[PDB]
Amino acid sequence: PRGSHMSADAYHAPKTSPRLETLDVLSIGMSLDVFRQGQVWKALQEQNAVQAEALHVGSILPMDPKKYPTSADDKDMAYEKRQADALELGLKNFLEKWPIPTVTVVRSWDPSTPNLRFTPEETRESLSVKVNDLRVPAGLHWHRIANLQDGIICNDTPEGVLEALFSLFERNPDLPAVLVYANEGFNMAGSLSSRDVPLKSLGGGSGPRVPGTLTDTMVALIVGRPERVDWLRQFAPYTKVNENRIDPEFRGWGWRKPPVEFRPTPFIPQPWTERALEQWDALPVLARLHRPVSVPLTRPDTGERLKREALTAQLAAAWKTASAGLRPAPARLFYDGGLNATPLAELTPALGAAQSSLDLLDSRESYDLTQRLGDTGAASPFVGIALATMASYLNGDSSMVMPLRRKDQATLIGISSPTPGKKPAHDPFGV
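Residues numbered from 1 in each chain as written, not as in the entry; some residues may be left out. Heavy atoms only, no water.

**Student:** Requested: an account of the packing of aromatic side chains, with residues and values cited.
**Tutor:** Aromatic rings considered in pairs are described by the distance between their centres and by the relative angle of their planes. Taken as a whole and judged by the stated rule, the model has 14 aromatic pairs. Between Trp253 and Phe262, the ring centres sit 6.4 Å apart and the planes meet at 65 degrees, which makes this aromatic pair edge-to-face. The exposure class assigned to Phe262 is buried, which follows from its relative accessible area of 13%. An aromatic cluster is built from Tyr11, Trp231, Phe235, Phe250, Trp253 and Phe262, whose rings are joined through pairwise contacts. Directly above the ring of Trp142 sits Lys97, whose terminal nitrogen or CZ lies 5.0 Å from the centroid. (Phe/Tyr/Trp six-rings, centres within 6.5 Å; stacked < 30°, edge-to-face > 60°. Buried < 20%, exposed > 50% of the residue type's maximum accessible area, 1.4 Å probe, protein only. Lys NZ or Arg CZ within 6 Å of the ring centre and 35° of its normal.)

Following this line, the structure appears as structure tokens:
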């Protein structure tokens, strides 16, 4: 009835969204060279246990050729297994039978480049099918992938994806979750390359590790606003339970129909079964990802990089803005300047001016992604988010991630625990 308490409750998806200041990290999957999932974070903490100074921790990548692939056929096979494992790790416990809106992230690719190894049509098709196709080797037979419009990202520095996701969630108030699959390694650099670039110069082929080669890195990152499914809890009791009870797919209403007509939305095309909401609710929020802060590092009049002291002040201001809303203040910094970089030359004065208590010389507070993991290329900001999520979830504390590979810009992404001060009983980052 029209003016009733029951008509007050929502039987439709939210029609508006406020400005969003966080997204929830719902799931992480990661492969990084021979490591998987929490093994990367474990290896970093073991570095800190043996070496107190961040400057001397070195790289976790095994150098014993017996412990990593060296033949070209083994490297190709390992790359593909790393891809599948990362998707499996990120999705195995995530809602099935719902089209997951998906962003695919790889490194930069210029389609006008002469003599490409693959045609632009071949490459665009390859990128478009990549994540859905990985469901087969990953064993994700009931999961569903819905490529987002303009969701194929080719960018050496793709950290802008996170701010773009905030806007996407605001523009689409029904959207409850998005998958970002970031995919990096020699195999990508090679498949995007021109025949005028020899593959060996990118570190490909048979042989031991050479310096500068991209680390095989894949990150499955699911972020969302889980409250946005609450309106579906109205309809779930009326949905028919599948004969195979653990199958979440909606296959119609039961005998009793819901009191209000269900109206699908772009991202909620069908009502959700009780099994679906069970899968949704069983996945704990791992962290809050806070709205990124980006700041230019160049002068607008000359276009040159800010001078030493102006750069410190600019970065300090960005840190203050990015860290203000973190409870408590960051316990560690993950940052990445890429290869042949010394980012502490700028970071130490900047965080000092910002009066941060972090000691970036302390290996327990200070993580240079390229130093410790090799060059993770386009996956780097998602590696940072993944490790920050693991650290913050397991420790009930805050982290900061700083993509610093652009010389003209700094980005700062805060990561907080949803229950700070409380560590979880179960570590969910096993393999």
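**Student:** A description of unusual backbone geometry should follow, citing residues and the corresponding values.
**Tutor:** For the bond from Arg327 to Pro328, the omega torsion is -5 degrees, close enough to zero to count as cis. Topologically, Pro328 is positioned in the loop between α9 (308-323) and β9 (333-336). Of note, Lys97 is a non-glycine position whose phi angle comes to about 60 degrees, a positive value. As for its placement among the helices and strands, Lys97 is situated in the loop between α3 (72-91) and β3 (99-106). Although it is not a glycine, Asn115 sits at a positive phi angle of roughly 65 degrees. Tracing the backbone shows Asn115 in the loop between β3 and α4 (120-138). (Helix = DSSP H or I, 4+ residues; strand = E, 2+ residues; numbered from the N terminus.)

**Student:** Please provide a residue-by-residue account of the packing of α9 against helix α10 (residues 344-353), values included.
**Tutor:** Contact geometry for α9 and α10: axes closest at 8 Å, N-to-C directions at 60 degrees. Comparing the axis directions of α9 and α10 gives the class oblique. For the crossing formed where α9 meets α10, the hand is right-handed. Where α9 abuts α10, its residues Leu311, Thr312, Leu315, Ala316 and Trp319 lie against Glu346, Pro349, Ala350, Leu351 and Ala353. For the contact of α9 with α10, the per-class residue count stands at eight nonpolar, one polar and one charged. (Axes fitted to C-alpha atoms, helices over the stretch in contact; angles between N-to-C directions. Parallel < 35°, antiparallel > 145°, perpendicular 65-115°, else oblique. Left-handed = near helix turned anticlockwise from the far one by under 90°. Contact = heavy atoms within 4.5 Å. Nonpolar A, V, L, I, M, F, W, Y, C, P; charged D, E, K, R; others polar.)

**Student:** Go over a negative patch on the surface with me, naming the residues and quoting the values.
**Tutor:** A contiguous patch of negative charge on the surface is contributed by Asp73, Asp74, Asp76 and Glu80. Tracing the chain through its elements places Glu80 in helix α3. (Patch = residues over 30% accessible without salt bridge, like charges linked within 9 Å, V, L, I, M, F, W, Y side chains within 5 Å. Areas by Shrake-Rupley, 256 points an atom, 1.4 Å probe, with all protein chains shown as cover. Salt bridge = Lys/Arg side-chain N within 4 Å of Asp/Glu carboxyl O. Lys, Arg positive; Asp, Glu negative; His and termini not counted. Charge placed at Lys NZ, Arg CZ, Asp CG, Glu CD.)

**Student:** Could you give me a rundown of the pattern of salt bridges, with the residues and numbers involved?
**Tutor:** Applying the stated rule across the entire model yields 27 salt bridges. With a shortest N-O distance of 2.8 Å, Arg107 and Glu184 are connected by a salt bridge. Of the two residues, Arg107 is situated in the loop between β3 and α4 and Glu184 in strand β5 (residues 177-184); the sequence distance between them amounts to 77 residues. As far as the burial class goes, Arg107 and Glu184 line up, both buried. Among the salt bridges present, the one from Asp397 reaches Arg332, with a minimum N-O distance of 2.6 Å. In this pair, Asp397 is assigned in the loop between α12 (380-395) and β11 (399-403) and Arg332 in the loop between α9 and β9, connecting sequence segments 65 residues apart. An identical accessibility class is assigned to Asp397 and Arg332; each is buried. Through salt bridges with shared partners, a single ionic network connects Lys97, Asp247, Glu249 and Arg251.

**Student:** Got a sec to walk through the nonpolar core? Specific residues and values, please.
**Tutor:** Membership of the largest hydrophobic core comes to 51 residues, with the highest contact counts inside it found for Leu165, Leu221, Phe334, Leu373, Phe382, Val383 and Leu387. For this core, the leading source of residues is α12, giving nine residues. Looking at this core, you find at least three residues from each of domain 1 (22-227) and domain 2 (292-416). Setting aside residues no more than four positions away along its own chain, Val383 makes contact with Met30, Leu32, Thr217, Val219, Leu369, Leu373 and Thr376. With 41 residues, the next largest nonpolar core counts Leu116, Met188, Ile268 and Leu277 among its residues. (Core = buried A, V, L, I, M, F, W, Y, C linked by side-chain atoms within 4.5 Å. Domains from an automatic or database assignment.)

**Student:** Lay out the side chain of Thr273 in plain terms, naming residues and giving numbers.
**Tutor:** Checked against the element boundaries, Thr273 lands in the loop between α7 (232-235) and α8 (274-281). The buried category is assigned to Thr273, whose relative accessible area is 4%. At 2.6 Å, the side chain of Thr273 and the backbone oxygen of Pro248 are in polar contact. If sequence neighbours within four positions are ignored, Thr273 has contacts with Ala236, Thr239, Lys240, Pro248, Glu249 and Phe250. (Polar contact = N/O pair within 3.5 Å; in protein donor to acceptor, adjacent residues only side chain to side chain.)

**Student:** So what's going on with the domain arrangement of the protein chain? Residues and values would help.
**Tutor:** Taken domain by domain, the protein chain holds domain 1 (22-227) and domain 2 (292-416). Between domain 1 and domain 2, the C-alpha centre-to-centre distance is 21 Å. At the boundary of domain 1 with domain 2, total buried surface from both sides reaches about 3100 Å², with 72% on carbon and sulfur atoms. If you sort the residues of domain 1 by the area they bury against domain 2, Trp41, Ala54 and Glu159 come out on top, with a joint share of 23%. Viewed at the interface, domain 2 and domain 1 are joined by 14 residue pairs in polar contact. The set of elements that each furnish at least two residues to the side of domain 1 that touches domain 2 consists of β1 (22-32), α2 (38-50), β3, α5 (160-171), β5 and β6 (217-224). (Buried area = accessible area lost by both parts, 1.4 Å probe.)

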